[PDB]
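> I would like to see how this sequence folds:
(8 chains)
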Amino acid sequence: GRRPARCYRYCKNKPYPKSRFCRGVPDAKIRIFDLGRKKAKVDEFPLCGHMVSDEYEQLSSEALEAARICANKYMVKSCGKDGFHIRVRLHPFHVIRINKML
Amino acid sequence: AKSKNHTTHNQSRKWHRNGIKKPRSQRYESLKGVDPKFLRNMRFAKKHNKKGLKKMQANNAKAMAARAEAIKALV
Amino acid sequence: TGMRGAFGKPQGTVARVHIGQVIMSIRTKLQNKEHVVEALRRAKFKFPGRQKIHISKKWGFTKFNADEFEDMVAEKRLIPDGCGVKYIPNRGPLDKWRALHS
RNA sequence: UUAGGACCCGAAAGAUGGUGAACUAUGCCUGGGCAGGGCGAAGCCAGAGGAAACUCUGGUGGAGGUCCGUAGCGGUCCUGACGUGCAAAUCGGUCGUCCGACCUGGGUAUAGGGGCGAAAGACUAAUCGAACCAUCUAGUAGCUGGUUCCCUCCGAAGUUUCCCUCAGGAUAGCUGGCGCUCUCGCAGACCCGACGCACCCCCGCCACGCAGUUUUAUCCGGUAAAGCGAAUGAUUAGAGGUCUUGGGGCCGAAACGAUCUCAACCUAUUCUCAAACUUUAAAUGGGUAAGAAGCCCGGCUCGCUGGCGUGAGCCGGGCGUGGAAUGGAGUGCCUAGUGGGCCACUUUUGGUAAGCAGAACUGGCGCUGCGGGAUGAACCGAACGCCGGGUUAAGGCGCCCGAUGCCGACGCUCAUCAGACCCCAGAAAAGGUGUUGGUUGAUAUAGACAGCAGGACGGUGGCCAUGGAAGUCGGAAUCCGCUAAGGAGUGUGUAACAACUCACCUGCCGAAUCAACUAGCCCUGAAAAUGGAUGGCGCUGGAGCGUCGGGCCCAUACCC
RNA sequence: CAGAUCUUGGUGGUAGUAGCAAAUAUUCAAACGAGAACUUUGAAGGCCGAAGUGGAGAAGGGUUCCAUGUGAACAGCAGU
RNA sequence: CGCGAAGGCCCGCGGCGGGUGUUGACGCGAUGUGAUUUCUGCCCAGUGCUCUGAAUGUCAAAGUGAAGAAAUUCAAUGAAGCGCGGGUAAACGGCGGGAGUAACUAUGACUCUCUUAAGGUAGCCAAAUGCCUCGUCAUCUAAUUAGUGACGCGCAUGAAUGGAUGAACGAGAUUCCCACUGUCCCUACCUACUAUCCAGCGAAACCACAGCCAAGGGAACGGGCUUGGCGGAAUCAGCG
RNA sequence: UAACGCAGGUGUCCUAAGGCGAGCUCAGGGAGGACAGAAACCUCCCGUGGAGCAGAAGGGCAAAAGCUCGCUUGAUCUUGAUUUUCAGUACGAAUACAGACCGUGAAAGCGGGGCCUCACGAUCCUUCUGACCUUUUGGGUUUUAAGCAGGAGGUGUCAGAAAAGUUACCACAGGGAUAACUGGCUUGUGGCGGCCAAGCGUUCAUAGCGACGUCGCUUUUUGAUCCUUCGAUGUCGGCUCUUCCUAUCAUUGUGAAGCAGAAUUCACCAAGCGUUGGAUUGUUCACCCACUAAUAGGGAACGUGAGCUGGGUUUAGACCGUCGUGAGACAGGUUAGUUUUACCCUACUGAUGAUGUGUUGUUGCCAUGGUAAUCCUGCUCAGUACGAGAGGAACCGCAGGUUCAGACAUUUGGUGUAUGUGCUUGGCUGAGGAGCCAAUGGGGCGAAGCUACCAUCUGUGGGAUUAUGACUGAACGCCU
RNA sequence: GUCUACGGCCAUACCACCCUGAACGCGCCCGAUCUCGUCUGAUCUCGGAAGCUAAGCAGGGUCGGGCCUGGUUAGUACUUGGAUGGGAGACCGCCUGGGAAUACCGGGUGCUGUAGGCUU
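Residues are numbered from 1 along each chain as shown, chains lettered A, B, ... in the order given. Below, you will see the structure:
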């Protein structure tokens, strides 16, 4: 169903990463962590823009798929198609559990 | 039938309401567990000071008097 | 099932951020300051909570920083390799690196 | 603990021995009763018809577990009346059968694990899925209820292990009583401690001992943190180097000779992680040792130990208390209650969460009142004999209510939903030239931002798209001159639009102007069910919010 | 003794309240009498309407039968 | 289905005891189904019942032999019942699943196949039995989860644990039409006995104390407590 | 140091996989060699565990604890002590010792099972083994039995009973430590509303919607929980009745369009006022026919059983299907099935009376509480504005209606026991006449009275402002 | 200065290389009668001294990999104890005290006990 991200927003369990003891984990909805002109040498782009968190929270890998597209979808219209370079500095590792109780 | 499980948190008050935490350290702790081969001997060394009057302390008696005579000259 | 035994089975995957962690990062030319600063706030809306946005002092994605970087590249302590720059320390047998290349 | 009930009262049941068929169930003997009408079976007579079989028509006849229906017997519907009634099952209307398997009196039979049953577990003296009466009997019950005078002193548990154990017990634990062995001021008029004191101080003398503490010395671990160009695992992105490779191929030996070209690899780098990964690795924490149970010499003993050493144990002799702070320690019995727990700061597992379930440490509530939180287990202060005086903590000081009736200090805010105090019963992502501060970049006498002074200019519907586009779906394209001044074009609606119109600035007037971020308060975001709650009334130079002063109020606390 | 839906005995509020409504119906005069809606006589109006609100019996009751008298008590008001 | 009486079924504490039986197979006793009409399919593997038995596998009191000093140890011999073998379903009961195939596509005569002791035959229905289900089609209605009539792939229909049907009958269960009406639209009015008031006579349930509310907290729904709104003697008929 | 937390394993396996000693070194990789290949066998090199040690995982280990050889049975007999299981009780397992007899090794040493952590069992009873064993009841011999010590036969609910169902015919002790209703806390799920803005809306992100993401609210959905009641709160729906809410279907006032007019869609102040008649089903729900301005959603212990109904759940009787061998069960179908009490207090609607002005009476004022009116059609405006056209309204008037409210009896209808007057059946006073009885005999017509959307009349004026539109006008020389 | 035999600590002792050797002190080595084990006298065992430092070994070197000890990272992270501290909440500031680790940058590359030689 919906399972809105209000439920899994705080960080209230010990890390439970995808390993041999946790099978059946799906694949995260984000797969391409780098996009733009990736071959650009370090001489090229000296203005590194950051986004920094401010709450010790959890970000769903659902969001990272749409945050990557949303910021990419703008830059393409602004700079060009090989004028920038984007890297998601966060990886979804900590699988989160669900229970169907009807 | 269904019921609640335990909890354990007055374990420290009852603990120290009374209760001295030492085993009464003591001189002459009992010889319980020593090597029997070793212990047999120390039962013999005792046995040949507790037996008789002429053999052992006749040597003790002489040496003591020298301890008696030697020390007095200093005073 | 009546909650007689409720350990969840996995779904979805989440990533955690600490206060000060860096979520997303963008490289660009120095003339595209504004294109970065507002594309990120466009991305900021697909994330729970609030994230600060600022432009880094660090040249590109390198470990090294603002405009002292061009000296070392000239001084021959860094060399550009793809998306990054190698640090050339002096503990390595530079008498077998200078002998190789001054 | 056994019993005589065995604290008192309490079961559903079990056994022995007897009384009932006057209700009812059924068989039998012997007696009583059943208006009035319909339908019209056999059998009989006559008439007609036919060869006969026998067929038609009209009568007579009075059969039936037959029909309408009264007594009698029963009990369908109104789910009618009464429902502390007329009645512990009746009454009114409406109903079924009424010559038969019919209804009824009396006499006799069958009796409880038995009778009897056209069979519903029905009936057996208003009681039946085994009656009634007396006795075993005061039957057992980890299970409810109740337990009778005052004061004083002490005062818990809801946890361990085992149990056909989960509402109970045994066992540790916690609690009380009775003491006992010593120190000890119950120490004198002779002047103590390389050990403690009262006091000449202890001829007798445990000053030795011990702690929910720290100091000093030495051990111990693997949590937080951190790390992965450190092992295992997970994982992204480029660079460079040539082996099997391909896919596209070229030659036709053959092209990883070369060269394009991706690629599995290797090399150094890089992005991000781990409760069941870890090189490092804290805070807090766990034992020990802190002297007489010692320091030190001389001698003796051996059936073990062997260079001649021995390790242990015995005798004898000199030095006694040896880090800080606190008051006395040690020890033996008998033991009732408890073994349903709960809450909070923190640490923390399952869960979306829960006034949910489950754990560690500490403190609370139960067992506990008192001041404050308007009200309340558990929050803040504080622990209770009966009182007077004084001062306080937490709270507060418009009035309810003891206290600001200080001419209290600096500020912020208009709410047609203001705000008003730990736990707490006061909602968010997002917005606001409402308002008050801050940060950053600019521009202003080579003089500002306005407004007056001209406007989206023309080659030009450029070239094209043809998709219609003179600013528009959409196009590699997308300039010139003016350089005050206008993008081969930005918001409105469209037949291609006309049209509204989205900029730069000439001269004057002449000192502050622009933009973006940013936090404080206020506002929007903000929907629910009796009338409705910062505690109420009310409050706006505050009785609202922030940072703070003097003074003042009283608890069973502190002082006399 | 305060309790045990405690045992026995007693008394309240409820309360002068619910209630004295099944089957048509009584009225006038007179008598004894202290007293009369109710007893008795007379007059009238009604019903039970011969499967009876009639005349006799069996079970069962056991003196209720009949007469004289009484005004404690009972006859859910009263009463000769 | 049992039974020819030194018997079947049965009572009984016990006897040359008693009931059926003052009976005798056109009878007594034990069952199942339920008038008539028309039919009563396949399975004896399972669970029972019964029938026989030499060469008998197991088999207990006696009884017989062997060794021992004896108690005893051993062996052979060995009835009924079991084990072995027949019958019986109007005895309890039970009665399949896959593919492929005809001239458009859907269906399947047919063929292949695995598997039981048989594979549900005659009939019948979304029925008192059909979860999906308010099945699909038609009828009656303007509108019908209901009734009816067909269809059958029927979770889970079916032959005496009877199937199907059918004139008469039923205080049995359902649907519709004609007539009728206060059931209703929409309530009104009339009568009798009460209710009501008076004289007389007069009970019982019940009762911690008592009885106005809103919000708060609380054992998480207060009549009492906190903050408020407020409050007047004594009462009569009603009311839920 | 806990939960029906997590990822797993055991009831076994070994005469060697135990005990020694010796000699080697593994996994993996590279380069070379007849067949020979990526994958046999031969050689060299690199090789800190990357292999193996029975199995679960952790720990441990390279001249071993791994591999291969040679010999053996320390897996033997007997005392005690100690550790792990929070009773410092057992079993089990294990560690140091000691007394014996041995194994291997020249040797020092090691070894009384497996490299460590699990692989297991009381009393009673039976069975085997042991000594010149004890007893066998007045003495003796023998057979037999009883003893003492040590193993085995097993209780897996594993500190250890010998044990099948149903009860809807049920019973008793109790339980809110314990379920079915509300009432609580949460909000997954259900419902509703925002933010961002890729697009859809031929043109264009935002007239109307809005994916990828994210934030909340509500308790009218089902859940999760067990706090209150099991010495009883009567548990589904429908009928009747009141009030309340807004998240508004229609009505009054308004904003916007891709809005010409008509119809419409999004929104604001807004709960005053309305939101229907019916077939089927027990229905809440659903689906339909019809009218209408619309046929909006809800709450009050899932309102409302001393208000009713009892249709369906849900007792006892029954039949069918399925299951069970059987009693019986179904969270499948059908049928028949007792609904109790008000007079108490309170509230509520009515009705006497109360304190005070000396006592009475008349005529009136308003402090307060209640509140009430709502909706539509037709004519005209007008076939006009608007539109190519098809189509097509409003404001002011005129006339009437639906819903509701208050009355009234002139008319119409109903009532009727003025028991009024006739007709009339059966019986009864001898008959005529006049009458009576039949619970009001029956039936005509009916005064007064009470009554009906079934007849009749009447139903209203201002003030303050909200939404929105504006005037003047700064902050900010313009502009609002 | 150093070696040999037996060792303690067990990498500052290792590993890759390159350079030089202080009596055969250790080794390389020449053979297989005997002791002894092999497919092989390569290993193991046994008998010697013709040569040899080339190799082992030792000493040194590498702006070496490693390794030990320091420094910055940092008084950052983390945390014992307190509050009627902020925040709806995630969390955060403060007082009291304790207090780390990579990146990066330097320094170091065996000490030694007993017995026995060598002055090459």
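> Give the bridge partners for whichever residue of chain A sits closest to chain C, please.
In chain A, the residue that lies nearest chain C is residue A:97 (2.9 Å; CB to the nearest CB). Quick note: C-beta positions are derived from backbone N, CA and C, even for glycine. Taking DSSP bridges as the rule, residue A:97 bridges to residue C:10.
> Neighbours of it, how many?
Applying other CB atoms under 10 Å in any protein chain shown, we find 15 residues neighbouring residue A:97.
> shouldn't it be in contact with residue C:11?
Yes: here residue A:97 reaches residue C:11: they are 7.5 Å apart, a contact under CB atoms under 8 Å.
> tell me the centre residue of the chain?
You didn't pick a chain, so chain A it is. In chain A, the C-alpha nearest the mean C-alpha coordinate belongs to residue A:64, at 3.0 Å (CA atoms, centre = their mean).
> nope, chain C please
Chain C, centroid-nearest residue using CA atoms, centre = their mean: residue C:61 at 4.8 Å.
> OK, contacts around it?
Counting by CB atoms under 8 Å, 6 or more residues apart in numbering or on different chains, residue C:61 touches A:42, A:48, A:87, C:25, C:27, C:83-84.
> Kindly recompute the last result at 7 Å.
With CB atoms under 7 Å, 6 or more residues apart in numbering or on different chains as the criterion, the residues that contact residue C:61 are A:48, A:87, C:27, C:83-84.
> Would you pull up the residue in chain B closest to RNA strand H?
Using CB to the nearest atom of the strand, the single residue of chain B nearest to RNA strand H is residue B:12, 14.3 Å away.
> how much space between that residue and residue B:20?
Distance of residue B:12 to residue B:20, computed by CB to CB, to the nearest Å: 16 Å.
> re earlier: buried residues in the host helix or strand of the residue nearest to the centre of chain A, which are they?
Using DSSP states H and E, the element containing residue A:64 is helix A:61-78. Neighbour counts over helix A:61-78 (16 or more other CB atoms under 10 Å in any protein chain shown) mark A:61-68, A:70-72, A:74-75 as buried.
> ok, so of these, who is nearest residue B:75?
residue A:61 (97.5 Å; CB to CB).
> Let me know how buried the closest residue to the closest one other than its chain neighbours is, in neighbour terms.
Computed as CB to CB, 6 or more residues apart in numbering or on different chains, the closest residue to residue A:61 that is not its neighbour in sequence is residue A:92, at 3.5 Å. Neighbours of residue A:92 under the rule other CB under 10 Å: 26.
> now residue A:52
19.
> Could you do residue A:87 as well?
So residue A:87, with other CB under 10 Å, has 19 neighbours.
> Show me where chain B has its helices.
Remark: helices assigned in chain B by DSSP state H are B:13-17, B:36-47, B:57-72.
> Let's have those helices in CSV, adding distance to residue C:47.
Formatted as CSV, the helices of chain B follow (distance: least, CB to CB, whole Å):
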stretch, distance to residue C:47
helix B:13-17, 50
helix B:36-47, 77
helix B:57-72, 95
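> Minimum distance to chain A: which of those has it?
Nearest of these (CB to the nearest CB): helix B:13-17, 31.5 Å.
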